[PDB]
Amino acid sequence: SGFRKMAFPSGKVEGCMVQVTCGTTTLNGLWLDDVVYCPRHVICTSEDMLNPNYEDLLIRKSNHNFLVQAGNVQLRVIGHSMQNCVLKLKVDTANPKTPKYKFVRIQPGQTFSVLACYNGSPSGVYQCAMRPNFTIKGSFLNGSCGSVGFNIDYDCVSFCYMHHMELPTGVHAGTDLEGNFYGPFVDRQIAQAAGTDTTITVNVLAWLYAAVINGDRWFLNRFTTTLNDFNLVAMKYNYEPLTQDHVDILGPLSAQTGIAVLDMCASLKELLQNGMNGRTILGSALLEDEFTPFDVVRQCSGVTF
Amino acid sequence: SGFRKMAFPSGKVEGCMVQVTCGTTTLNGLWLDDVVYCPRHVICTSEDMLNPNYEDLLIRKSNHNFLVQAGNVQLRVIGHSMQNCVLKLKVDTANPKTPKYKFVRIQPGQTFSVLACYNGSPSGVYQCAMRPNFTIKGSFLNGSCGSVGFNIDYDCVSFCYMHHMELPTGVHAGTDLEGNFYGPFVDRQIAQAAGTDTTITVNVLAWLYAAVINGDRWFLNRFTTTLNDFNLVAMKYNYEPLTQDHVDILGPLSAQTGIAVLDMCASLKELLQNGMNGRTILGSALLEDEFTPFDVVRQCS
Ligand SMILES: Cn1cc(-c2cc(-c3cc(Cl)c(F)c(OCc4ccccc4Cl)c3)c(=O)n(-c3cccnc3)c2)c(=O)[nH]c1=O
């Protein structure tokens with residue numbers, strides 16, 4: 001029993017984190033095989049960040065403009081390359097701790113673990129969701145750039161996120177591991193704002209199912225809504241629309257609990273209009289939306305890696 | 001910026017987790033040097049649940065009654081001893097992944113990370129706190145016994161909790177790594193309720209300091225309070241008493257924010273009286289008590 005915001009075991013990823021320095025800038029790198037990956041803005045000065053020409057800033061650099069430390073060992077950079085907003089430093093040594101891995105791009109509403117790092121040193125791990133507005137609500141300080149987000153499937157690490165910047169509202173923006181930004185953001189020191197965020201409806205429903213599985217039942221009722229009716233309510237409360245794929249994904253949870261999805265939508269519909277009436281759900285006074293249906297199934301069934 | 005409940009990176013603990021089997025009971029063990037630590041109720045049958053005589057059950061076992069598996073490798077047990085409620089299995093191979101470690105007993109309100117495991121394999125990591133009633137509000141299924149709680153400071157893993165059991169109310173009880181239970185609980189299935197779960201006041205105050213650090217001031221007010229008047233009020237909401245020790249501990253956060261500890265106590269008194277009124281603090285709509293003063297300094301600076 002119990003339900004916690006649970007991150008993947010981070011050991012496979014810890015063994016890949018290194019420190020990258022260029023000029024006065026130090027941030028984190030991801031060392032896989034004989035390549036180190038880091039944000040391309042490591043090559044920028046404070047003046048460069050205002051309007052950078054990355055290809056030109058990089059032509060003017062050599063392999064020895066890059067100091068790469070793996071713990072107490074210096075890694076020799078023998079080549080450098082840029083792929084979108086990510087810098088690729090070839091090194092002379094393969095990482096012997098390189099796990100089975102792949103680079104994947106996730107969809108908003110999907111969750112992953114972030115291994116927050118500083119000077120190549122892992123400091124903490126936390127679970128989060130990619131917001132519908134493509135930001136993540138992270139916890140990062142100066143020096144956390146280059147920290148990565150990931151999922152684990154069996155023994156394979158799926159790297160999905162690399163941290164690049166903090167936005168003026170305090171939320172965070174980054175890229176996949178092939179350097180493509182998530183969201184309408186650029187790696188440039190200019191005014192940028194994320195769009196209005198919304199709540200991940202299908203995740204809230206999954207969390208209500210986790211609540212039922214753990215004995216929290218007060219929000220259930222005898223009623224049912226329709227997808228049409230609910231989505232009109234959802235739109236009003238800045239909730240993501242619920243699709244037929246969402247209902248199918250919640251299928252297993254509906255089977256295990258005996259609460260059909262549109263029954264739960266009726267519960268959620270009532271929770272949105274009337275609130276929580278001074279009660280909590282799984283120790284929260286808010287509707288939690290950073291658990292996917294798959295998260296709920298895994299945590300409540302005890303899947304290992 | 002931002003504030004999340006971060007756990008410690010789990011890699012150093014992952015390299016210590018093994019599977020321990022005795023009879024038909026299988027749970028997790030912690031493999032450090034040539035010793036595997038696990039809950040002693042691994043040696044129990046269904047007929048032993050109510051009044052197990054552990055000394056009697058153990059004397060009847062030989063080394064080969066214990067199957068220890070590290071990954072695919074079976075480890076040979078060459079000796080066993082019991083220390084309080086923890087079994088210590090001597091194995092013929094030292095764990096090459098053994099980190100720098102120590103065993104620490106923590107006090108209520110302290111936080112730590114849990115590496116939840118089943119069959120010797122990690123499922124996930126999460127952060128939690130020792131409640132004032134000496135339980136933890138974990139996430140644990142059958143087969144999770146032997147999972148451990150830990151902090152990491154520099155490169156030293158301080159193990160502070162080994163999971164033993166889930167109480168009827170859904171909360172969790174365990175021991176330190178010397179096998180002494182936290183709280184009044186025992187490893188048999190007789191009735192034992194946990195005391196009233198109270199709120200960890202010193203942690204709530206530290207988290208409010210974290211909110212001011214991160215730019216949120218809406219809950220402050222122009223009042224102060226005496227320590228005694230604060231405690232007379234807060235204890236009516238089932239908050240733990242705040243001691244002068246706690247006040248001293250909050251001193252650094254007070255100095256950083258310019259808000260006196262007793263002034264923040266005044267803000268907390270008003271928050272208990274008013275609630276949030278539709279607002280949030282650091283993304284929560286409740287007062288959070290699982291961040292210590294030490295944690296707040298750690299994540300904010
Ligand atoms: C055979 N067997 C047993 C276990 C196992 C044993 C226990 C467990 C162990 C001991 Cl000694 C107990 F006195 C105990 O009393 C529970 C209780 C009942 C009624 C009143 C008060 C109390 Cl306290 C429980 C357990 O609580 N859990 C568990 C389950 C869910 C989450 N967390 C922990 C699991 C196992 O994992 N593997 C395996 O093979």
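Chain identifiers are assigned alphabetically (A, B, ...) following the order of the sequence lines, protein sequences preceding nucleic acid strands; residue numbering begins at 1 within each chain.
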Q.
Under the criterion side-chain contact (heavy atoms from CB on, under 4.5 Å), I'd like the reasoning laid out for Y182(A) against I136(A): C-alpha separation, chi angles, the key distance, then a yes or no.
A. CA-CA 10 Å; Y182(A) 291 106; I136(A) 68 176; over 6 Å; no
Q. Have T198(B) and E240(B) got a donor and an acceptor in their side chains that come within less than 3.5 Å?
A. yes
Q | Cation-aromatic face contact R298(B)/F8(B), 6.0 Å, 45 degrees | A | yes
Q) Parallel, tilted or perpendicular: which describes the rings of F185(A) and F181(A), with under 30° parallel and over 60° perpendicular? A) perpendicular
Tabulate below the donor-acceptor pairs under 3.5 Å that side-chain atoms of residues 276-285 of chain A make, not counting sequence neighbours, or state none.
from    : atom 1 : to      : atom 2 : distance (Å)
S284(A) : OG     : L286(A) : N      : 3.1
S284(A) : OG     : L286(A) : O      : 2.9
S284(A) : OG     : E288(A) : OE2    : 2.7

**Q.** Salt-bridge criterion met for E178(A) and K88(A) (N-O under 4.0 Å)
**A.** no
(Q) For a quick test of reading the model, state the closest non-hydrogen atom pair linking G109(B) to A129(B) and the distance between them. (A) O-CB, 4.4 Å
Q: Could you pull out all residues at least two apart from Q110(B) that satisfy side-chain hydrogen bond (donor to acceptor under 3.5 Å, both in side chains)?
A: none
Q. Using 4.0 Å as the upper bound for N to carboxylate O, is an ion pair formed by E290(B) and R131(B)?
A. yes
Q.
Any donor-acceptor pair under 3.5 Å linking the side-chain atoms of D295(B) with those of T111(B)?
A. yes
Q. Is the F66(A) ring parallel, tilted or perpendicular to the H80(A) ring (thresholds 30°, 60°)?
A. tilted
Q | Set of residues satisfying side-chain hydrogen bond (donor to acceptor under 3.5 Å, both in side chains) with respect to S254(B), sequence neighbours excluded | A | none
**Q.** Side-chain ion pair, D197(B) and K137(B), N-O less than 4.0 Å
**A.** yes
(Q) Looking at every non-hydrogen atom in both residues, tell me the closest pair between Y126(B) and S139(B) and how far apart they are. (A) OH-N, 3.0 Å
Q) Is it the case that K5(B) places NZ or CZ above or below the six-membered ring of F291(B), under 6.0 angstrom from the centre and within 45 degrees of the axis? A) yes
Q | No-hydrogen, no-angle side-chain donor-acceptor test under 3.5 Å, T135(A) and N133(A) | A | yes
**Q.** Distance-only side-chain donor-acceptor flag, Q273(B) / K269(B), under 3.5 Å
**A.** no
Q | Test item: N221(B) side-chain N/O and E270(B) main-chain N/O as donor-acceptor pair under 3.5 Å | A | no
Q: May I ask you to decide if the ring planes of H164(A) and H41(A) are parallel, tilted or perpendicular, using 30° and 60° as cut-offs?
A: perpendicular
